[PDB]
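Each of two forms of one protein chain follows alone as structure tokens, named structure 1 and structure 2.
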Structure 1
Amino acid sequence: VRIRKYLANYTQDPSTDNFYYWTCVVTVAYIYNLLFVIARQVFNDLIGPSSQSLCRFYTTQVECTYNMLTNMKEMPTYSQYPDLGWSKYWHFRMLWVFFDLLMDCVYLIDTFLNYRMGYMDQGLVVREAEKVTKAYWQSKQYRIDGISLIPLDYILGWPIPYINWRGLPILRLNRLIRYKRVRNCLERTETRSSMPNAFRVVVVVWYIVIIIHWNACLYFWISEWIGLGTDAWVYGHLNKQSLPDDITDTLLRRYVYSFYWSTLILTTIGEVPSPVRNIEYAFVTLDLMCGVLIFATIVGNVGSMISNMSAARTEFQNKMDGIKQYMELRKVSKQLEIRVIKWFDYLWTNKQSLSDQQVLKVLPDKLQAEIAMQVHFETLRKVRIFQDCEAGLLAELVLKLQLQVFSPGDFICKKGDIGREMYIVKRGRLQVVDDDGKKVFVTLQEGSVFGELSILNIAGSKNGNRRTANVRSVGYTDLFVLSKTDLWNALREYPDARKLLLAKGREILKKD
């Protein structure tokens, strides 16, 4: 009663996390097919030899031991089993059948979830069973789902002794049409990964191994079709690189040498025997060319994926080289040169180089505002004008605060310079020093606001546009820099902050 209702009214939401784990499960079944269907077609002892080897021994033909598959002057001749080896290797073949049925159950569950898959209508996922089933039926998706599930390998994919049918494991290649779920899994995996480049490198290493594996099966398929041990390019006793002295011909040897051959050919090292026949020349020429073009792309990418792991450092280093080269040409003094270099060094050890323009550039301004208001929360909690006034002021200004770094001696404001900006202390410590020297009057910590007196337009005192005091950085200071125009936009829109700023500035000026 419960199961019937639940499956009757079930509908899948594609944007969950359980669905992501499910697509990760489907990728495992896809990789299973991708490797082992071609493996079992070409190396057909993966299910069980299905024939005995019958080496000629010295006189008469006997079944081969491992000592007879070593240093052999001839290849063995196979004699089919009466039951195609089902009595001997039914356990191997039932393991294979179990894993095949398991991956096909994965495919069936994926087909059901496709049949009941919610879709986005207006930003919202439609999760009504009738709508999702109709959208499935009119989406031509049942074609891909059905072609990928035709159980044609259960009939003709296994050795049937009565018909003397040898099996065609390649009939299971129709499972490889569900590549879209696998492609979506990898994209969502790298979109969710905290180590995106490491995942990309792992995925490309998987691509390389799958390519070399399919090419190994290609090489051994062609070797077996031409005939093993017939010339010195084909795997066999005449190759002498595949079967040296004291090396036994086994199923592991056939795959190991084929994987090695494909590695050397696809990387265009080519330290493998040369073709003997026209068909082998055609195969090897086409294969080397694929290897050149194809591993070009791939290996080129891998080096570029391992570039971008360090590209912020490279941009920093280009700017820094450009500045050093400028300063050495123009013969700038060494004091100023080391000051600039130390500024860059500090700006690097604290990772403030350029890591705001990305968020600024691509995100929507409300997301940028929320991120910035969260990152600088403890700093902007101390700011007085922000703490007790309208909050729209805080938001509108928070998007318009530039962060600048000053050196241990720099003067942020000099007593008669010009008033264009106001500053909020993000880090560091400053001093309002007496004119020309010591006698520090007050000290400014994080959260302090200074510089408004000039860019406000109080009618009270004479200077009007000039700095009223000197402000000297004690160590390295990080300051928010708010322009005069931005301040006045946000003030003409918010009267209470204007009144507070003007009153405090008026008091400071009256006290002189």
Structure 2
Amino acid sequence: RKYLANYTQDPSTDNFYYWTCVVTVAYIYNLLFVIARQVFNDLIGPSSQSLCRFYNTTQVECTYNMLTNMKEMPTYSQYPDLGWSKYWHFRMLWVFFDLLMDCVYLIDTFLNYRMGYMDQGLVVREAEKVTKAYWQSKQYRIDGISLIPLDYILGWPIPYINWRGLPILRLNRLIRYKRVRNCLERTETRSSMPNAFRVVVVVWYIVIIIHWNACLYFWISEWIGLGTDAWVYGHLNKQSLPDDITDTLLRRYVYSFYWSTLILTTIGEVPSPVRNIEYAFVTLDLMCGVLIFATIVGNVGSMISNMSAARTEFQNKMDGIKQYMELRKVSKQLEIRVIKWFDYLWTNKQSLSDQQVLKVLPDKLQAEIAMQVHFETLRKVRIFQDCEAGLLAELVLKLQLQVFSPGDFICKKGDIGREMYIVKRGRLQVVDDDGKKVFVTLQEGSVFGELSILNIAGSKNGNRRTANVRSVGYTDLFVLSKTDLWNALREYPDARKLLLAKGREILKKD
């Protein structure tokens, strides 16, 4: 057991993220149930009995039929010992759970004690060094000590004598929120489908908000006499107690939740304020809503917005194009051909310009990603395989995928060669004179367009396309600009030797 005294925690383990998730469950526990325990003291308990009165006029106890359709509100008369004698299982449950959550807080604090802080990229896991880092950071001990007084035990509804119980004291536990943030932040970055999680979270915000606010309605409604006017919960406003509904805990939470729902989303179909104090409230609360919920739902909207912003960008680009063609009265054949290009461009979803990977990432990560992705396709290329050098490691960074429509000339005889293409998919044939030539077909992995780039003129043609290469269907090519090939080629003269060695043999035929 002595090993668990000098034990140090690494912040960067998956297990720890599981733990932070646990702290999170404890947190939500408190901020959901504590306040509600404070307001609806009917919950743990009750700590008193109903004393409803029926003529035929003695005060009686509570009968589930006499808590319906009441003339006046039921007087709350307190027990001799309020509590545990009548209700035992319940209170014991709540103590087990609170005790549990608090255990989570404690264990979390022990881990905070041994948190392997990070000195220059490495995790420092040490005996006295870590604890040193703890107490040198005064904030750790300050907030950390603040939420574990366990003052709630003394504020709980126990004792039986002279104390109602202030469960609201548990609110001090709410100051550990930083841990919870560090959880959610790290959960988005894990989730396969982020915007899913990211929307679920926000729905929870709304529900807790609405919750607390409901509790506020009910508390304020307790503070003012409950059943003394048409705005405070109770028989006086017929909205909450229609005649045939029976009074309960469930009802109160239900109606209060409904009330808060409306006021916070400004439908406002709620019985109107009757005391200056209430106007104070309802206005505060209505304004609070027109700002709070404005922003909130203007974020849910933005979230479901940026979700499929790819598609939005796309339809933008395209509509631009089509507009341009309608106004300038281009042919029908050409316009059709274009829109077919876009269609196939988007039904393959290879349309991703990858400028994401380019810009945001470190250069090295671009190399390994593109490596894996195009790995098999390049694996069947003469040029990259032949050179011992990982020159490929250079060129991968700068290859751009271009899609060509079917039956269309990639190349024409007697044209300037600037690019050199490597086929990712589709098959294309070398032809001259609109057929009857040697239809030579290159499949994926093949290399062409290289004769012009390499400045060799055995037949004296020059930077001219020797043949004209045609596509048979929708073909995707890697495009490597002359400048890049050459700027990279000085570094590896062997590749020069091999590529030129092939080039002499291709120009030999001519």
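Throughout, rigid core stands for the largest set of C-alpha atoms superposing within 1.5 Å between the two forms. When a residue number appears, read it as a position in the sequence of structure 1, where counting begins at 1.
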Displaced position between structure 1 and structure 2, chosen from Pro273, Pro161, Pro408, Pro196 (C-alpha, 2 Å or more, rigid core): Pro161
Per-residue C-alpha change between structure 1 and structure 2, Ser355, threshold 2 Å, rigid core fit: yes
Core-superposed C-alpha of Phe441 shifting 2 Å or more between structure 1 and structure 2: yes
Under a superposition restricted to the rigid core, does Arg143 display a Cα displacement of 2 angstroms or more between structure 1 and structure 2? yes
Would you look up how far the C-alpha of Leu152 moves between structure 1 and structure 2 when the rigid core is overlaid, in angstrom? 4.4
Angstrom displacement of the CA atom of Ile298 between structure 1 and structure 2, core fixed: 0.2
Shift in Å of the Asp45 Cα between structure 1 and structure 2 [rigid core superposition]: 1.3
